[PDB]
Amino acid sequence: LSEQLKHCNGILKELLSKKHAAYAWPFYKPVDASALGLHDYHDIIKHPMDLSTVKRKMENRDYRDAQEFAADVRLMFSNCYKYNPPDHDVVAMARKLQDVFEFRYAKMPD
Ligand SMILES: CNC(=O)c1cc(C(=O)N[C@H]2C[C@H](O)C2)cc(Cc2ccccc2)n1
């Protein structure tokens, strides 16, 4: 990985770490719409994204730069903000994990 992709991989490891598990857990795996009774999820969310998919893409060297990595992490949060009412617990958890993401992503090495 490049220096910027190593910074991205470090962020990914932190988002998956026990440190953030209390609010990160809804983003660990793809939303199982059927299991959760969310029969409109795939009509509203055209591009599902989650941290296990980001991890697989990082492991497969799919991401060519930090911008591509950040686009998937932000897509995951955007899906949450699009599908859910803004007062839902999952949105509070998305905002908290996105705060962790944005502040560390901003420390990208130049
Ligand atoms: C990324 N996951 C989700 O978007 C999601 C959605 C919904 C859900 O039921 N949404 C509907 C829309 C509105 O009518 C309520 C539930 C969960 C699981 C969860 C529950 C409680 C707390 C944290 C997660 N995750």
Side-chain angles (χ1 to χ4, degrees):
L1 299 168
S2 74
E3 186 166 357
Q4 293 200 341
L5 284 172
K6 291 208 184 296
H7 186 63
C8 290
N9 196 48
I11 293 166
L12 176 62
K13 288 290 145 65
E14 176 167 1
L15 296 187
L16 292 169
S17 71
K18 297 195 84 174
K19 183 175 173 189
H20 301 300
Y23 38 93
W25 68 261
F27 309 102
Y28 283 170
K29 292 289 146 63
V31 171
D32 190 338
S34 293
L36 292 168
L38 308 181
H39 302 300
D40 54 352
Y41 191 78
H42 293 288
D43 298 287
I44 294 167
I45 303 304
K46 306 302 186 290
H47 300 287
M49 189 50 56
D50 70 282
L51 292 174
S52 78
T53 301
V54 175
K55 183 176 180 49
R56 183 172 66 251
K57 288 180 72 168
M58 184 64 73
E59 288 174 341
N60 291 348
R61 300 176 76 178
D62 198 314
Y63 298 122
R64 292 202 63 235
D65 53 45
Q67 289 70 26
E68 195 185 349
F69 165 84
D72 273 355
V73 173
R74 287 161 176 160
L75 169 61
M76 179 185 76
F77 294 129
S78 295
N79 288 343
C80 189
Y81 307 144
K82 183 182 192 184
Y83 183 70
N84 295 286
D87 64 323
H88 197 284
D89 285 352
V90 74
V91 172
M93 300 161 78
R95 287 194 200 144
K96 288 168 69 176
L97 194 66
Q98 184 156 22
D99 186 78
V100 173
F101 172 69
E102 293 296 343
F103 275 80
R104 190 167 171 186
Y105 188 74
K107 301 176 172 69
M108 185 68 61
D110 300 301

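Heavy atoms only: backbone and side chains are in, while hydrogens, waters and symmetry mates are out. Index from 1, following the sequence.
Note that CE of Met93 is 6.5 Å distant from CZ of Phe27, once rounded to the nearest 0.5 Å. For the atom pair CZ of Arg95 and OH of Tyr81, the computed distance is 7.0 Å after rounding to the nearest 0.5 Å. In this structure, OG in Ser17 is found 10.0 Å from CG in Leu12, a value given to the nearest 0.5 Å. Taken to the nearest 0.5 Å, the NZ atom of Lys13 stands 10.0 Å off from the NZ atom of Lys6. The line from CG of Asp72 to CG of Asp62 is 8.0 Å long, rounded to the nearest 0.5 Å. Note that OH of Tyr28 and CG of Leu15 are 9.0 Å apart. Values are rounded to the nearest 0.5 Å.
Counted by atom type alone, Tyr41 and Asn79 present zero donor-acceptor pairs between their side chains at under 3.5 Å.
Not counting sequence neighbours, the partners of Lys55 by the side-chain hydrogen bond (donor to acceptor under 3.5 Å, both in side chains) test are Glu59. Here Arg74 pairs with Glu102 under the side-chain hydrogen bond (donor to acceptor under 3.5 Å, both in side chains) rule; sequence neighbours left out.
Follow the hydrophobic side-chain contacts under 4.5 Å out from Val100 and you reach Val54 in the same cluster. Under the 4.5 Å side-chain contact rule for hydrophobic residues, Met108 and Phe103 do not share a cluster. The hydrophobic clustering, which links ILVMFWY residues whose side-chain heavy atoms are closer than 4.5 Å, places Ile11 and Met49 together. There is no path of hydrophobic side-chain contacts, each under 4.5 Å, that joins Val90 to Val31. There is no path of hydrophobic side-chain contacts, each under 4.5 Å, that joins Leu75 to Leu38.
Note on ring orientation: taking the six-membered ring where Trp is involved, the planes of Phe69 and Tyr63 are perpendicular (angle over 60°, cut-offs 30° and 60°). The aromatic rings of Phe77 and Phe101 are tilted relative to each other, their planes meeting at an angle between 30° and 60°.
A donor-acceptor pair is defined here as one N or O able to donate and one able to accept, closer than 3.5 Å; such a pair exists between the side chain of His7 and the backbone of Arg104. At distances below 3.5 Å, not a single donor-acceptor pair connects side-chain atoms of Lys82 with backbone N or O atoms of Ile45. Side-chain N or O atoms of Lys96 include none that pairs as donor or acceptor with a backbone N or O of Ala92 at under 3.5 Å.
Looking at heavy atoms from C-beta onward, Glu68 lies out of side-chain contact with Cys8 at the 4.5 angstrom threshold. For the pair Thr53/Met76, no side-chain contact is recorded, criterion being any heavy-atom separation below 4.5 Å from C-beta on. Side-chain atoms of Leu5 and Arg61, non-hydrogen and from C-beta on, never get closer than 4.5 Å to each other. Using a 4.5 Å heavy-atom threshold, the side chains of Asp65 and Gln4 count as separate.
The number of heavy atoms from other shown groups lying within 6.0 Å of NZ (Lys46) is above 12. A 6.0 Å sphere centred on CD of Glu3 holds no more than 12 heavy atoms belonging to other residues, nucleotides or ligands.
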